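First, one chain by itself in structure tokens, the form deposited in one PDB entry.
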């Protein structure tokens, strides 16, 4: 395999971390291949679930807990810390909140969160590599509590970073927020990508096309599929009660992605940097509720 950039995996990985049996587990947690039968049963369907008052409360709780865990991860970002150490802290933080770390064994993913550094677009596997001054790193968190999944991610600066890194991360965050500001009943899901690409392209960046936002509630990933690029064929119209994520992945160079031999790590084919931000949203009557928002601080960690 020919690596696209300077990053390399740092093995070996620690044995998979166990989750106490008292914590409720999603169906794929015990499947030998980590398959989710509930999700597969809906593969190919574009119908979007309309959440009940009970479902909404469940989503509000898990998303609040997920934010708490991402904040724990944020507090550990500093030169020298390895992504595996971040993952260990995340794992314990989920357990402390009586939640199962959704990524764990999802289709056999080996860790409890995704850590994506520099050229890694998404799904980076926490390993033995110490973060380096100048790196940008995204930590993607998803928790499962009482049958509901809550998902979010933020990109962080490791120590001091260059101007290119600041522009990329800032622009990516703006892309997500401009998309969120457009969410409300009546809007076509395919419209979000037009908004996102417009801002990214205006700043000389590209939009990853192989990964999209997704419905989320009792299932980790389900309808609707939400592309982040312009002129996509996303199916569906927003309606009060819909819950889904927007998680734009923006790149310094081209949008092309490829996967590492580990089967998960997605990287830019040109080896340039990528950044991402994600929130889980609930469509209301007026607009939308950002379920994974910070409640005690006005801005994301990179500008705090």
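Positions refer to the first chain, counted from 1.
Keep in mind that the form deposited with a small molecule bound is not shown, yet the notes after this line are about it.
Among residues of the shown chain, residue 140 is one whose heavy atoms approach the small molecule to within 4.5 Å in the entry with it bound.
Of the heavy atoms in residue 156, none are within 4.5 Å of the small molecule in the entry with it bound. Contact annotation for residue 166: none of its heavy atoms lies within 4.5 Å of the small molecule in the entry with it bound.
In the entry with it bound, residue 114 approaches the small molecule with a heavy atom inside 4.5 Å. Across the proposed site, 123, 221 and 278 without exception bring a heavy atom within 4.5 Å of the small molecule in the entry with it bound.
You can rule out all but one of 85 to 93, 166 to 174, 68 to 76, 103 to 111: in the entry with it bound, only 103 to 111 has residues with a heavy atom within 4.5 Å of the small molecule. Though the small molecule is absent from this view, in the entry with it bound it lies within 4.5 Å of a heavy atom of just one residue from 214, 97, 190, 184, which is 214.
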